[PDB]
Protein chains: 2
Amino acid sequence: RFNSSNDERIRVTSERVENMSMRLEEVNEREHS
Amino acid sequence: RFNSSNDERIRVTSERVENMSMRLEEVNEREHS
């Protein structure tokens with residue numbers, strides 16, 4: 001019941017979006033060609 | 001308490017998703033091959 005609540009899903013989505021944005025900026029900054 | 005509210009998390013997630021989508025379209029459209 002705790003893991004399927006809206007607040008927990010929103011928080012986990014926000015954390016994963018932040019990490020994914022950081023990694024994508026890392027990838028884009030590190031192009032070779 | 002303000003930074004952990006649902007509205008602020010939704011807004012920040014939306015902004016980061018928009019920026020990430022723009023950067024991902026930039027990466028995908030421009031390829032060396």
# chains A, B, ... in the order shown; residues from 1 in each chain; ligands from 1
call {"tool": "interface_residues", "arguments": {"of": "chain A", "to": "chain B", "cutoff": "8 Å", "atoms": "only C-alpha atoms", "output": "compact mmCIF listing (two decimals) with C-alpha atoms, in the first residue's frame"}}
result
# COMPACT_ATOMS: atom_id res chain seq x y z
CA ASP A 7 3.10 10.74 -3.22
CA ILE A 10 5.71 11.31 -7.61
CA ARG A 11 8.81 11.45 -5.40
CA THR A 13 9.63 9.85 -10.53
CA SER A 14 11.15 13.21 -9.59
CA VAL A 17 14.02 12.35 -13.70
CA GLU A 18 16.70 14.42 -11.95
CA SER A 21 18.64 14.63 -16.74
CA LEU A 24 21.79 12.99 -20.36
CA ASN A 28 25.47 15.41 -24.56
CA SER A 33 32.18 13.79 -33.57
call {"tool": "select_by_dssp", "arguments": {"residues": "chain B", "states": "alpha helix (DSSP H)", "output": "PyMOL selection string"}}
result
chain B and resi 6-29
call {"tool": "decode", "arguments": {"residues": "chain A", "atoms": "N, CA and C atoms", "output": "compact mmCIF listing (two decimals), in the first residue's frame"}}
result
# COMPACT_ATOMS: atom_id res chain seq x y z
N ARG A 1 0.82 -1.21 0.00
CA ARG A 1 0.00 0.00 0.00
C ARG A 1 0.85 1.26 0.00
N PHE A 2 1.98 1.25 0.73
CA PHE A 2 2.84 2.43 0.76
C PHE A 2 3.49 2.67 -0.60
N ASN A 3 3.98 1.62 -1.25
CA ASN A 3 4.72 1.80 -2.49
C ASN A 3 3.84 2.22 -3.67
N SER A 4 2.53 2.01 -3.59
CA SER A 4 1.64 2.33 -4.69
C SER A 4 0.88 3.63 -4.49
N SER A 5 1.26 4.43 -3.49
CA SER A 5 0.59 5.70 -3.27
C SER A 5 1.07 6.74 -4.28
N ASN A 6 0.28 7.80 -4.42
CA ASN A 6 0.62 8.84 -5.40
C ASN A 6 1.84 9.64 -4.98
N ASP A 7 1.97 9.93 -3.68
CA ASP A 7 3.10 10.74 -3.22
C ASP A 7 4.43 10.03 -3.43
N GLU A 8 4.49 8.73 -3.11
CA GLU A 8 5.72 7.98 -3.30
C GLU A 8 6.08 7.86 -4.77
N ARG A 9 5.08 7.62 -5.63
CA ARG A 9 5.33 7.55 -7.06
C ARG A 9 5.84 8.88 -7.61
N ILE A 10 5.25 9.99 -7.17
CA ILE A 10 5.71 11.31 -7.61
C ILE A 10 7.14 11.56 -7.16
N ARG A 11 7.46 11.23 -5.90
CA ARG A 11 8.81 11.45 -5.40
C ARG A 11 9.84 10.61 -6.15
N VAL A 12 9.54 9.33 -6.38
CA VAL A 12 10.48 8.46 -7.08
C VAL A 12 10.64 8.91 -8.53
N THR A 13 9.54 9.33 -9.17
CA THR A 13 9.63 9.85 -10.53
C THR A 13 10.49 11.10 -10.58
N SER A 14 10.34 12.00 -9.61
CA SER A 14 11.15 13.21 -9.59
C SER A 14 12.63 12.90 -9.42
N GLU A 15 12.96 11.98 -8.50
CA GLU A 15 14.36 11.62 -8.30
C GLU A 15 14.95 10.98 -9.55
N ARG A 16 14.22 10.06 -10.18
CA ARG A 16 14.73 9.41 -11.38
C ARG A 16 14.85 10.38 -12.54
N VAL A 17 13.92 11.34 -12.65
CA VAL A 17 14.02 12.35 -13.70
C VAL A 17 15.24 13.23 -13.48
N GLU A 18 15.52 13.61 -12.23
CA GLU A 18 16.70 14.42 -11.95
C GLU A 18 17.98 13.68 -12.31
N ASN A 19 18.09 12.41 -11.90
CA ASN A 19 19.28 11.63 -12.23
C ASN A 19 19.41 11.43 -13.73
N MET A 20 18.30 11.15 -14.41
CA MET A 20 18.32 10.94 -15.85
C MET A 20 18.72 12.21 -16.60
N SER A 21 18.24 13.37 -16.13
CA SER A 21 18.64 14.63 -16.74
C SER A 21 20.13 14.89 -16.56
N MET A 22 20.66 14.61 -15.36
CA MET A 22 22.09 14.77 -15.15
C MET A 22 22.90 13.87 -16.07
N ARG A 23 22.49 12.60 -16.20
CA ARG A 23 23.21 11.68 -17.07
C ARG A 23 23.10 12.08 -18.54
N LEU A 24 21.94 12.57 -18.97
CA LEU A 24 21.79 12.99 -20.36
C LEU A 24 22.63 14.22 -20.66
N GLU A 25 22.71 15.16 -19.72
CA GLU A 25 23.59 16.31 -19.91
C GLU A 25 25.05 15.86 -19.97
N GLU A 26 25.42 14.87 -19.15
CA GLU A 26 26.76 14.30 -19.23
C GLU A 26 27.04 13.70 -20.60
N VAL A 27 26.07 12.95 -21.14
CA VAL A 27 26.25 12.33 -22.45
C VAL A 27 26.36 13.38 -23.54
N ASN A 28 25.48 14.39 -23.52
CA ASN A 28 25.47 15.41 -24.56
C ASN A 28 26.74 16.25 -24.53
N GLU A 29 27.24 16.58 -23.34
CA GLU A 29 28.46 17.37 -23.24
C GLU A 29 29.68 16.59 -23.74
N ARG A 30 29.61 15.26 -23.75
CA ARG A 30 30.75 14.40 -24.03
C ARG A 30 30.66 13.76 -25.42
N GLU A 31 30.17 14.51 -26.41
CA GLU A 31 30.17 14.01 -27.77
C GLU A 31 31.58 14.05 -28.35
N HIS A 32 31.83 13.18 -29.32
CA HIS A 32 33.15 13.08 -29.94
C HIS A 32 33.21 13.59 -31.37
N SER A 33 32.20 13.32 -32.19
CA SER A 33 32.18 13.79 -33.57
C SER A 33 31.35 15.06 -33.70
